[PDB]
Amino acid sequence: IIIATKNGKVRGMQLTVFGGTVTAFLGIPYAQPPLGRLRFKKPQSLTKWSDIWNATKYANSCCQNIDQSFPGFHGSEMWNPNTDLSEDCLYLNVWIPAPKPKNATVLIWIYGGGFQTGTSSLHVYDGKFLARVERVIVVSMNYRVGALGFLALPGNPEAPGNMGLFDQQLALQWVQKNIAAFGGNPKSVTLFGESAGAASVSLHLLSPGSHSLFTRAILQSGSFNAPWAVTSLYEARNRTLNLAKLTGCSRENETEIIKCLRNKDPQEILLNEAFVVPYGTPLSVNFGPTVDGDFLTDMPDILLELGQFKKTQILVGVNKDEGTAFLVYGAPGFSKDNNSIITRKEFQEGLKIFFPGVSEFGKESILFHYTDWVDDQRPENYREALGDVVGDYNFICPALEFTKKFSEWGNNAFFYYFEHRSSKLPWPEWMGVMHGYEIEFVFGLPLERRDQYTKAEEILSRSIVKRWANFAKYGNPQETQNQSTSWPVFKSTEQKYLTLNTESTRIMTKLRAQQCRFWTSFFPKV
Ligand SMILES: *[C@@H]1O[C@H](CO[C@H]2O[C@@H](C)[C@@H](O)[C@@H](O)[C@@H]2O)[C@@H](O[C@@H]2O[C@H](CO)[C@@H](O)[C@H](O)[C@H]2NC(C)=O)[C@H](O)[C@H]1NC(C)=O
Ligand SMILES: *[C@@H]1O[C@H](CO[C@H]2O[C@@H](C)[C@@H](O)[C@@H](O)[C@@H]2O)[C@@H](O[C@@H]2O[C@H](CO)[C@@H](O)[C@H](O)[C@H]2NC(C)=O)[C@H](O)[C@H]1NC(C)=O
Ligand SMILES: *[C@@H]1O[C@H](CO[C@@H]2O[C@@H](C)[C@@H](O)[C@@H](O)[C@@H]2O)[C@@H](O)[C@H](O)[C@H]1NC(C)=O
Ligand SMILES: CCN(CC)[C@H](C)CN1c2ccccc2Sc2ccccc21
Ligand SMILES: *[C@@H]1O[C@H](CO)[C@@H](O)[C@H](O)[C@H]1NC(C)=O
Ligand SMILES: *[C@@H]1O[C@H](CO)[C@@H](O)[C@H](O)[C@H]1NC(C)=O
Ligand SMILES: *[C@@H]1O[C@H](CO)[C@@H](O)[C@H](O)[C@H]1NC(C)=O
Ligand SMILES: [Cl-]
Ligand SMILES: [Cl-]
Ligand SMILES: [Cl-]
Ligand SMILES: [Cl-]
Ligand SMILES: [Cl-]
Ligand SMILES: [Cl-]
Ligand SMILES: [Cl-]
Ligand SMILES: [Zn+2]
């Protein structure tokens, strides 16, 4: 199979999925490799090739530091890159239904990873199931991360910031220019992503350069208004100068620092990325999105509040235990190999880890808001309270505030609460429905009967896959055939949302009302 793109011909592979066929094009280049003088620059356009490019294996992953907290443990290593790390990494993948569709809706995946890590070749991002079951086209791209993707001295085009975001944007442009040759519909394109990928998706709703490159958006466990998602412009320049100091690149003429950084090999950049922040947290984002005056014209909180974004439908949601994953990355008394019963004193030490520069009074009122027990005798009270603190503050409350503000401008919005713990989840039970472990259900991995998911998990995945595809195709995430409960629109007044679980599906209102009132209204003033 060979498809003529506008820059040259590409060859894919046939895959057998569920007694049928899916065609895969893995590793299509969409930009000139950002090497040499092109490091830290925005992505440049690709030049034509007259031969046939073989797109038959995942391409290199972008340079990044690997998680090594649990060597040999599948729970953490399933997120580590599974191809070689290289600066030559700006490639994308395309999954096509077989036979060739005539005008299929396109789903574009943007992976997360704190803007520091990530790759589209991960097993749980495999788009072949979605192409097979719902006959949509799935696209995913690799984008630069860390300093090589988000180092910023604003206004300076040698390192303007938001390069990884522009990588994503150029991939969206590739779909616009090429997807029809694959049988796809460039007028029906839905972005979806998780964590930092969901925050990227929400920034594409704000960026005018991206407004004509997609139709709808899905935000799983993330948004730009989350406290970890946007780097202040003070912080950006500090961490840039700190990295120059650590490497030996402190110049005075600010353009001369970047040329010094361009002569360091990528490994010396990666080794020093960690220490650009003096006192970080488990949720620290060393180099992330900034207000650059290009991709981002103003502070995103101002654009959201004043209705300056793409007007379209959105699907937003969170998991029940978003915070627990971060507790085994620094909190005292927590571990993946015990049950992590902590004391009140260990709870107070956890808050200092996650809220280092906050007043003594601020941590006291976090403790006060989250220690009104039902059962005063339960030993896991403080353990579960600290996870809820981290999850509410960093993910759930920002996502709800995002949806409320977005829908106030007349757009249909739908919110979900994912509360099923995967039967193949390798982390212990006390960590619950963790950050990132709805992804395998969205991509339809439990549909593979040869994988030891339960029968109920196959059913829930089949339902989620249909809702997601119906949202992309028709702007309405209903499962209309098997007498499901209807997913109601999220409005600022009643704030209805749908729960996703094996046992039951229910409509509820005002998720975490009391806790998010504290985080969104009171806490910013301490
Ligand atoms: C902006 O950065 C400076 C310099 O950052 C240094 O901090 C070290 C801890 C280390 O990471 C090194 O690589 C880096 O260059 C910050 O100054 C430092 O701030 C910390 C925390 O307050 C102090 O402990 C250090 O003594 C201090 N060093 C100096 C030379 O001033 C500065 O605070 C930072 N601005 C922020 C975080 O707003
Ligand atoms: C849950 O585990 C933590 C972590 O303890 C680590 O070190 C060994 C004890 C190992 O067996 C394994 O449990 C784990 O890798 C326990 O906290 C530790 O407690 C000791 C006791 O003095 C302290 O010295 C350590 O600093 C501390 N580690 C951390 C990360 O806080 C904790 O006691 C345990 N809880 C249980 C068993 O209920
Ligand atoms: C493919 O379909 C195009 C129309 O797509 C529709 O446009 C708007 C209303 C969006 O809501 C989108 O989701 C819809 O699917 C046609 O204009 C085009 O000619 C068609 N092309 C081919 C080759 O069939
Ligand atoms: C998949 C990796 N995940 C744990 C194994 C980490 C903690 C996620 N993470 C993350 C991942 C890589 C590097 C830094 C971070 S800080 C962060 C902030 C906001 C969302 C996610 C992240
Ligand atoms: C691309 O794939 C075809 C089919 O396997 C192969 O014969 C061809 O030689 C490949 N091109 C290369 C390796 O340049
Ligand atoms: C800094 O160096 C650049 C590159 O040579 C030059 O264009 C610019 O004028 C210099 N500016 C200052 C203030 O030295
Ligand atoms: C609806 O139910 C049938 C069995 O009655 C099942 O095979 C099918 O996959 C279900 N559809 C969805 C979208 O879940
Ligand atoms: Cl469009
Ligand atoms: Cl940070
Ligand atoms: Cl709950
Ligand atoms: Cl006390
Ligand atoms: Cl609408
Ligand atoms: Cl309710
Ligand atoms: Cl609640
Ligand atoms: Zn992740």
# chains A, B, ... in the order shown; residues from 1 in each chain; ligands from 1
call {"tool": "residues_near_ligand", "arguments": {"ligand": "ligand 1", "cutoff": "8 Å", "atoms": "only C-alpha atoms and all ligand atoms", "output": "list in words"}}
result
residues 234, 235, 238, 239, 241, 242, 243, 245, 246, 275, 276, 277, 278 and 279 of chain A
call {"tool": "write_last_selection", "arguments": {"atoms": "C-alpha atoms", "output": "tab-separated table (two decimals), in the first residue's frame"}}
result
chain	number	residue	atom	x	y	z
A	234	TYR	CA	9.80	35.50	35.26
A	235	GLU	CA	10.40	31.79	35.91
A	238	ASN	CA	15.36	32.41	35.35
A	239	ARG	CA	15.53	28.75	34.41
A	241	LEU	CA	19.86	31.58	32.63
A	242	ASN	CA	20.29	28.86	35.27
A	243	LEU	CA	20.76	26.20	32.59
A	245	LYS	CA	25.14	28.79	34.12
A	246	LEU	CA	25.14	25.05	34.81
A	275	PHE	CA	18.47	21.74	38.71
A	276	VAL	CA	17.12	24.86	36.98
A	277	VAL	CA	14.49	24.92	39.76
A	278	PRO	CA	15.84	25.47	43.31
A	279	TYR	CA	13.07	23.79	45.35
call {"tool": "residues_around", "arguments": {"residues": "residue 5 of chain A", "least_positions_apart": "2", "cutoff": "10 Å", "atoms": "only C-alpha atoms", "output": "ChimeraX atom specification"}}
result
/A:2-3,7-10,48,174,177-182
call {"tool": "write_last_selection", "arguments": {"atoms": "N, CA and C atoms", "output": "mmCIF file, in the first residue's frame"}}
result
data_model
loop_
_atom_site.group_PDB
_atom_site.id
_atom_site.type_symbol
_atom_site.label_atom_id
_atom_site.label_comp_id
_atom_site.auth_asym_id
_atom_site.auth_seq_id
_atom_site.Cartn_x
_atom_site.Cartn_y
_atom_site.Cartn_z
ATOM 1 N N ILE A 2 0.551 2.204 -0.868
ATOM 2 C CA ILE A 2 1.343 3.418 -1.039
ATOM 3 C C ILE A 2 0.394 4.595 -1.215
ATOM 4 N N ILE A 3 0.649 5.677 -0.482
ATOM 5 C CA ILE A 3 -0.171 6.882 -0.523
ATOM 6 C C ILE A 3 0.720 8.056 -0.900
ATOM 7 N N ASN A 7 4.327 15.863 -0.145
ATOM 8 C CA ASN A 7 5.781 15.933 -0.125
ATOM 9 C C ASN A 7 6.442 14.678 -0.675
ATOM 10 N N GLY A 8 5.670 13.674 -1.050
ATOM 11 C CA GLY A 8 6.227 12.447 -1.588
ATOM 12 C C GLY A 8 5.376 11.255 -1.208
ATOM 13 N N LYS A 9 5.749 10.108 -1.767
ATOM 14 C CA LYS A 9 5.021 8.872 -1.524
ATOM 15 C C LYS A 9 5.482 8.220 -0.225
ATOM 16 N N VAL A 10 4.544 7.556 0.449
ATOM 17 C CA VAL A 10 4.827 6.809 1.667
ATOM 18 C C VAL A 10 4.223 5.418 1.536
ATOM 19 N N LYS A 48 10.673 18.175 -0.351
ATOM 20 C CA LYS A 48 10.124 17.031 -1.062
ATOM 21 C C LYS A 48 11.147 15.903 -1.184
ATOM 22 N N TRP A 174 -0.141 19.282 8.844
ATOM 23 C CA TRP A 174 0.111 18.148 7.959
ATOM 24 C C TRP A 174 -1.172 17.382 7.669
ATOM 25 N N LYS A 177 -3.308 19.263 5.181
ATOM 26 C CA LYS A 177 -2.812 19.252 3.812
ATOM 27 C C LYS A 177 -2.815 17.865 3.179
ATOM 28 N N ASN A 178 -2.859 16.794 3.976
ATOM 29 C CA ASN A 178 -2.591 15.456 3.458
ATOM 30 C C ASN A 178 -3.651 14.404 3.762
ATOM 31 N N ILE A 179 -4.507 14.594 4.770
ATOM 32 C CA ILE A 179 -5.305 13.471 5.261
ATOM 33 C C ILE A 179 -6.324 13.001 4.227
ATOM 34 N N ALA A 180 -6.742 13.875 3.307
ATOM 35 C CA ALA A 180 -7.731 13.468 2.313
ATOM 36 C C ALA A 180 -7.187 12.364 1.416
ATOM 37 N N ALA A 181 -5.891 12.417 1.098
ATOM 38 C CA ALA A 181 -5.269 11.357 0.313
ATOM 39 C C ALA A 181 -5.307 10.015 1.031
ATOM 40 N N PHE A 182 -5.507 10.017 2.347
ATOM 41 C CA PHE A 182 -5.660 8.799 3.127
ATOM 42 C C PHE A 182 -7.119 8.415 3.337
#
call {"tool": "select_by_dssp", "arguments": {"residues": "segment 293-437 of chain A", "states": "strand (DSSP E or B)", "output": "ChimeraX atom specification"}}
result
/A:314-319,321,413-418,434
call {"tool": "residues_near_ligand", "arguments": {"ligand": "ligand 7", "cutoff": "7 Å", "atoms": "only C-alpha atoms and all ligand atoms", "output": "list in words"}}
result
residues 459, 462, 463, 466, 479, 481 and 482 of chain A
call {"tool": "write_last_selection", "arguments": {"atoms": "N, CA and C atoms", "output": "tab-separated table (two decimals), in the first residue's frame"}}
result
chain	number	residue	atom	x	y	z
A	459	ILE	N	-16.83	-4.35	28.01
A	459	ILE	CA	-18.08	-3.64	27.78
A	459	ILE	C	-17.89	-2.14	27.99
A	462	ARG	N	-15.76	-0.67	25.22
A	462	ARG	CA	-16.56	-0.58	24.01
A	462	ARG	C	-17.51	0.61	24.06
A	463	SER	N	-18.04	0.91	25.25
A	463	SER	CA	-18.95	2.05	25.38
A	463	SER	C	-18.20	3.37	25.30
A	466	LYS	N	-17.18	4.16	21.77
A	466	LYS	CA	-18.28	4.64	20.95
A	466	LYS	C	-18.62	6.10	21.27
A	479	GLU	N	-24.00	6.99	23.58
A	479	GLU	CA	-24.08	5.60	23.15
A	479	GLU	C	-25.57	5.32	22.99
A	481	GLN	N	-27.41	3.02	21.28
A	481	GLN	CA	-28.00	1.74	20.89
A	481	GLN	C	-28.36	0.85	22.07
A	482	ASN	N	-27.53	0.77	23.10
A	482	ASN	CA	-27.75	-0.18	24.18
A	482	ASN	C	-28.26	0.50	25.45
call {"tool": "residues_near_ligand", "arguments": {"ligand": "ligand 6", "cutoff": "9 Å", "atoms": "only C-alpha atoms and all ligand atoms", "output": "PyMOL selection string"}}
result
chain A and resi 252-256
call {"tool": "residues_near_ligand", "arguments": {"ligand": "ligand 4", "cutoff": "7 Å", "atoms": "only C-alpha atoms and all ligand atoms", "output": "MDAnalysis selection string"}}
result
chainID A and resid 76 79 113:117 195:196 228 282:285 325:326
call {"tool": "write_last_selection", "arguments": {"atoms": "N, CA, C and O atoms", "output": "compact mmCIF listing (two decimals), in the first residue's frame"}}
result
# COMPACT_ATOMS: atom_id res chain seq x y z
N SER A 76 5.77 1.90 36.19
CA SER A 76 6.45 3.12 35.77
C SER A 76 7.10 3.00 34.41
O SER A 76 7.15 3.99 33.67
N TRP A 79 5.57 3.90 30.79
CA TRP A 79 5.55 5.28 30.35
C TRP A 79 6.86 5.74 29.74
O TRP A 79 6.91 6.83 29.15
N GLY A 113 2.96 13.95 29.74
CA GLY A 113 4.25 13.65 30.33
C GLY A 113 4.89 14.85 30.98
O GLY A 113 6.12 14.99 30.97
N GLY A 114 4.07 15.74 31.54
CA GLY A 114 4.57 16.91 32.24
C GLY A 114 5.35 17.88 31.38
O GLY A 114 6.09 18.70 31.92
N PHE A 115 5.19 17.82 30.06
CA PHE A 115 5.97 18.58 29.09
C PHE A 115 7.46 18.25 29.14
O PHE A 115 8.26 18.90 28.47
N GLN A 116 7.85 17.25 29.93
CA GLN A 116 9.24 16.82 30.06
C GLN A 116 9.53 15.52 29.35
O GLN A 116 10.68 15.29 28.94
N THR A 117 8.54 14.64 29.22
CA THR A 117 8.71 13.30 28.70
C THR A 117 7.53 12.97 27.79
O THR A 117 6.60 13.77 27.62
N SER A 195 -3.42 14.67 30.34
CA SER A 195 -2.47 15.34 31.24
C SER A 195 -1.87 16.53 30.50
O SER A 195 -2.63 17.40 30.05
N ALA A 196 -0.54 16.63 30.36
CA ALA A 196 0.05 17.73 29.61
C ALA A 196 -0.41 17.76 28.17
O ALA A 196 -0.38 18.82 27.54
N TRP A 228 0.28 23.60 37.29
CA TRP A 228 1.53 23.10 36.75
C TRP A 228 1.71 23.39 35.26
O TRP A 228 2.77 23.08 34.71
N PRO A 282 7.06 17.16 43.24
CA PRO A 282 6.76 16.06 42.30
C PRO A 282 6.00 16.49 41.06
O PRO A 282 6.02 15.76 40.06
N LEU A 283 5.33 17.64 41.08
CA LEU A 283 4.60 18.15 39.92
C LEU A 283 5.35 19.27 39.20
O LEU A 283 4.74 19.98 38.40
N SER A 284 6.64 19.43 39.47
CA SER A 284 7.41 20.49 38.85
C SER A 284 7.50 20.29 37.34
O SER A 284 7.72 19.17 36.86
N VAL A 285 7.31 21.38 36.60
CA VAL A 285 7.46 21.40 35.15
C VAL A 285 8.58 22.38 34.85
O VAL A 285 8.38 23.60 34.89
N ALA A 325 -0.71 9.02 42.37
CA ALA A 325 0.50 8.64 41.66
C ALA A 325 1.71 9.46 42.09
O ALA A 325 2.83 8.95 42.13
N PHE A 326 1.49 10.73 42.43
CA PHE A 326 2.59 11.62 42.78
C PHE A 326 3.09 11.44 44.20
O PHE A 326 4.18 11.92 44.52
call {"tool": "select_by_dssp", "arguments": {"residues": "segment 135-270 of chain A", "states": "helix (DSSP H, G or I)", "output": "PyMOL selection string"}}
result
chain A and resi 147-150+163-182+196-204+208-210+233-247+254-263+266-270
call {"tool": "closest_atom_pairs", "arguments": {"of": "chain A", "to": "ligand 14", "cutoff": "7 Å", "atoms": "only C-alpha atoms and all ligand atoms", "output": "tab-separated table"}}
result
residue	atom	partner	partner_atom_place_in_ligand_line	distance
A:511	CA	ligand 14	1 (Cl)	5.1
A:512	CA	ligand 14	1 (Cl)	3.9
A:513	CA	ligand 14	1 (Cl)	6.6
call {"tool": "residues_near_ligand", "arguments": {"ligand": "ligand 12", "cutoff": "12 Å", "atoms": "only C-alpha atoms and all ligand atoms", "output": "PyMOL selection string"}}
result
chain A and resi 215-216+310-315+406-414+471+474-476+489-490
call {"tool": "closest_atom_pairs", "arguments": {"of": "chain A", "to": "ligand 8", "cutoff": "10 Å", "atoms": "only C-alpha atoms and all ligand atoms", "output": "tab-separated table"}}
result
residue	atom	partner	partner_atom_place_in_ligand_line	distance
A:176	CA	ligand 8	1 (Cl)	8.6
A:185	CA	ligand 8	1 (Cl)	9.4
A:186	CA	ligand 8	1 (Cl)	6.6
A:187	CA	ligand 8	1 (Cl)	4.4
A:188	CA	ligand 8	1 (Cl)	6.2
A:189	CA	ligand 8	1 (Cl)	6.6
A:190	CA	ligand 8	1 (Cl)	9.1
A:210	CA	ligand 8	1 (Cl)	9.7
A:211	CA	ligand 8	1 (Cl)	7.7
A:212	CA	ligand 8	1 (Cl)	5.2
A:213	CA	ligand 8	1 (Cl)	5.6
A:214	CA	ligand 8	1 (Cl)	4.6
A:215	CA	ligand 8	1 (Cl)	4.5
A:216	CA	ligand 8	1 (Cl)	8.4
call {"tool": "residues_around", "arguments": {"residues": "residue 323 of chain A", "least_positions_apart": "2", "cutoff": "10 Å", "atoms": "only C-alpha atoms", "output": "number ranges by chain"}}
result
A: 319-321, 325-327, 384-396, 431-435
call {"tool": "atom_distance", "arguments": {"atom1": "atom CA of residue 130 of chain A", "atom2": "atom CA of residue 500 of chain A"}}
result
18.8 Å
call {"tool": "closest_atom_pairs", "arguments": {"of": "chain A", "to": "ligand 13", "cutoff": "12 Å", "atoms": "only C-alpha atoms and all ligand atoms", "output": "CSV"}}
result
residue,atom,partner,partner_atom_place_in_ligand_line,distance
A:494,CA,ligand 13,1 (Cl),9.9
A:495,CA,ligand 13,1 (Cl),9.9
A:496,CA,ligand 13,1 (Cl),8.2
A:497,CA,ligand 13,1 (Cl),9.1
A:498,CA,ligand 13,1 (Cl),10.3
A:499,CA,ligand 13,1 (Cl),10.8
A:506,CA,ligand 13,1 (Cl),8.7
A:507,CA,ligand 13,1 (Cl),7.0
A:508,CA,ligand 13,1 (Cl),3.8
A:509,CA,ligand 13,1 (Cl),4.7
A:510,CA,ligand 13,1 (Cl),7.3
A:511,CA,ligand 13,1 (Cl),8.3
A:512,CA,ligand 13,1 (Cl),10.7
A:513,CA,ligand 13,1 (Cl),10.8
call {"tool": "residues_around", "arguments": {"residues": "segment 349-354 of chain A", "least_positions_apart": "5", "cutoff": "7 Å", "atoms": "only C-alpha atoms", "output": "list in words"}}
result
residues 281, 331, 332 and 363 of chain A
call {"tool": "write_last_selection", "arguments": {"atoms": "N, CA and C atoms", "output": "PDB file, in the first residue's frame"}}
result
ATOM      1  N   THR A 281       8.825  20.349  43.203  1.00  0.00           N
ATOM      2  CA  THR A 281       7.845  19.420  43.745  1.00  0.00           C
ATOM      3  C   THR A 281       7.717  18.240  42.802  1.00  0.00           C
ATOM      4  N   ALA A 331       6.614  11.957  48.890  1.00  0.00           N
ATOM      5  CA  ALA A 331       5.921  12.184  50.153  1.00  0.00           C
ATOM      6  C   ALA A 331       6.426  11.219  51.226  1.00  0.00           C
ATOM      7  N   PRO A 332       6.634  11.700  52.452  1.00  0.00           N
ATOM      8  CA  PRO A 332       7.145  10.822  53.513  1.00  0.00           C
ATOM      9  C   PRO A 332       6.120   9.774  53.919  1.00  0.00           C
ATOM     10  N   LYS A 363      -1.126  26.240  54.721  1.00  0.00           N
ATOM     11  CA  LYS A 363      -1.123  24.798  54.946  1.00  0.00           C
ATOM     12  C   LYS A 363      -2.067  24.406  56.074  1.00  0.00           C
TER      13      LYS A 363
END
call {"tool": "closest_residue", "arguments": {"among": "A:230, A:341, A:425, A:397", "to": "residue 383 of chain A", "atoms": "only C-alpha atoms"}}
result
A:341
call {"tool": "atom_distance", "arguments": {"atom1": "atom CA of residue 437 of chain A", "atom2": "atom CA of residue 57 of chain A"}}
result
25.4 Å
call {"tool": "closest_residue", "arguments": {"among": "A:86, A:200, A:173, A:290", "to": "residue 111 of chain A", "atoms": "only C-alpha atoms"}}
result
A:200
call {"tool": "residues_near_ligand", "arguments": {"ligand": "ligand 5", "cutoff": "9 Å", "atoms": "only C-alpha atoms and all ligand atoms", "output": "PyMOL selection string"}}
result
chain A and resi 11-12+51-56
